[PDB]
Structures are given as structure tokens and as C-alpha cells.
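# Analysis of the macromolecular model
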Amino acid sequence: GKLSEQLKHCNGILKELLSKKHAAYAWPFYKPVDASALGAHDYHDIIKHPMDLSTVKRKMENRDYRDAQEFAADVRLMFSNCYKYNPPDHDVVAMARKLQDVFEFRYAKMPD
Ligand SMILES: CC[C@@H](C(=O)OC)[C@@H]1N=C(c2ccc(Cl)cc2)c2cc(OC)ccc2-n2c(C)nnc21
Ligand code: NI
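So, here's what we can say about the structure. (Residues numbered from 1 in each chain as written, not as in the entry; some residues may be left out. Chains lettered and ligands numbered in written order. Heavy atoms only, no water.)

### Examining the overall build of the protein
This is how the line gets drawn: Secondary structure elements are taken from DSSP: a helix is a run of H or I of four residues or more, a strand is a run of E of two residues or more, and numbering for both begins at the N terminus. C-alpha atoms define the radius of gyration in this analysis, and the globule rule sets the expected value at 2.2 Å times the number of residues to the power 0.38. Each residue is placed in one exposure class: buried if its accessible area under a 1.4 Å probe, protein chains only, is under 20% of its type's maximum, exposed if it is over 50%, and partly exposed if it falls in between. For this analysis, residues touch if any pair of their heavy atoms sits within 4.5 Å. Every accessible area reported is derived by Shrake-Rupley at a probe size of 1.4 Å, with residue values counting cover from the shown protein chains alone. When charges are tallied, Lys and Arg are placed among the positive residues and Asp and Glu among the negative ones, while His and the ends of the chain are skipped. The atoms used to mark charge sites are NZ of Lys, CZ of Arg, CG of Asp and CD of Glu.
Assigned secondary structure in the protein consists of seven helices and zero strands. The N-to-C order of helical and strand elements in the protein reads α-α-α-α-α-α-α. Against the compact-globule benchmark of 13 Å for 112 residues, the protein has a radius of gyration of 14 Å, which places it among compact chains. Expressed as lengths along the three principal axes of its C-alpha atoms, the size of the protein is roughly 45 × 25 × 20 Å. Among the 112 residues that make up the protein, the fraction classed as buried is 38%. In the protein, of all internal contacts separated by at least 6 residues, the share reaching a separation of at least 24 is 67%. Counting only carbon and sulfur atoms, one obtains 52% of the accessible surface of the protein, whose full area is about 7,100 Å². Here the protein holds 18 positive side-chain charges and 16 negative ones, and the gap between their average locations is 6 Å.

See below:
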């Protein structure tokens with residue numbers, strides 16, 4: 001009921017993060033990191049729990065998320081992975097911060 005409503009809120013946020021409006025900074029987070037393709041051969045030694053928006057979308061579509069907290073923990077994990085792997089002055093870190101600002105301000109408007 002109110003839980004369903006909280007998950008619709010989460011799905012709305014997800015759709016927004018995937019939307020054209022935010023694509024300039026959201027695009028690195030759309031799909032799983034392909035470490036080989038990027039020559040980032042240390043990625044999976046540093047990042048033990050990869051996460052990306054397509055995975056979040058699959059989990060939402062499959063009704064994997066049972067509550068908003070579970071959903072938010074994955075979205076936040078995605079940002080954390082970026083903050084852990086990359087130096088803090090890299091462009092992709094700025095992009096992550098901007099996308100997380102979008103996430104956090106809308107997530108905060110949680111139906112209650
Ligand atoms: C994973 C390796 C990291 C990188 O490329 O270091 C070699 C990478 N940087 C980037 C990255 C680097 C520079 C810019 Cl301007 C944007 C993204 C990256 C690029 C992608 O292109 C498909 C997908 C994922 C990432 N990404 C995320 C998310 N977190 N770190 C990265
Ligand atoms: Ni959390």
C-alpha cells in the first residue's frame with residue numbers, strides 16, 4: 001500500500017536517472033562497467049560489488065526490491081564504487097556527484 005507507493009517513487013526516480021534530461025552526466029552509469037574494454041584491469045580487485053542503472057532496472061522490473069531502502073542501497077553502491085575506484089578530481093567523479101545530487105534530493109521526498 002504505502003510500501004507499493006514508496007516503490008513507485010523509487011521507480012520514478014530510476015526512470016528520471018535514465019532520462020534524456022540527465023544523460024550528459026548519467027551515461028557512464030547506464031550499464032555494467034566493462035573493465036576489459038576500458039583497460040581497467042584492477043577494477044574488479046578494487047570493486048567487489050559492481051552496480052549500475054541497468055541492474056537496478058532489472059531488479060525493479062523483476063520485483064526484486066522489497067522496499068525503498070533496498071533500492072537506495074544499490075543506487076548508492078553504484079556511486080560509492082565510482083568514488084572508490086577513481087581519483088576525486090576525475091570527470092567521472094563529478095558526473096557521479098551530479099547524478100547523486102539528483103537522486104538524493106528526489107529520494108528525500110519519500111511518501112510517508
Ligand atoms: C571503471 C573504470 C573507470 C575508468 O575508465 O578508468 C580506467 C571508469 N571511468 C569512466 C569514465 C571516464 C571518463 C569519463 Cl569523461 C566518463 C566516464 C567510465 C566510462 C564508461 O564508459 C562506458 C563506463 C563506466 C565508467 N566508470 C564508472 C561508472 N566508474 N568508473 C568508470
Ligand atoms: Ni543506504
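### Description of the site of ligand 1
Put simply, the test is: Distances are taken per atom, and a residue is near a molecule or strand as soon as one of its heavy atoms is within 4 Å of it. As used in this structure description, the phrase polar contact means that two N or O atoms lie within 3.5 Å; if the pair is within protein, one of them must be able to donate a hydrogen and the other to accept it, and residues adjacent in sequence are counted only when both atoms belong to side chains. Under the grouping applied here, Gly and all other residues not named as nonpolar or charged are polar, the nonpolar ones being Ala, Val, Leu, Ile, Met, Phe, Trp, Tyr, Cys and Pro and the charged ones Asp, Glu, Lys and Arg.
In the neighbourhood of ligand 1, the contacting residues comprise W27, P28, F29, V33, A40, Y43, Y85, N86, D91, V92 and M95. Contact distances for ligand 1 include 3.0 Å between a nitrogen atom and a side-chain N or O atom of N86. When isolated, ligand 1 has an accessible area of 630 Å², and the protein chains bury 68% of it. A total of three residues in the shell around ligand 1 trace back to one element, the largest contributor, which is helix α7 (residues 91–107). Class assignment for the residues of the shell around ligand 1 results in nine nonpolar, one polar and one charged.

### A word on the nonpolar core
The condition is simple: The definition of a nonpolar core used throughout is a set of buried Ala, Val, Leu, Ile, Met, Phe, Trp, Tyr and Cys residues joined through side-chain atoms within 4.5 Å.
Within the largest apolar cluster, 28 residues are counted, with the highest numbers of intra-cluster contacts made by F71, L99 and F103. Taken together, the elements giving at least two residues each to this core come down to α1 (2–17), α2 (23–26), α5 (53–61), α6 (68–85) and α7. For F71, the residues in contact, after removing those within four places along its chain, are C10, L14, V56, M60, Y65 and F103.

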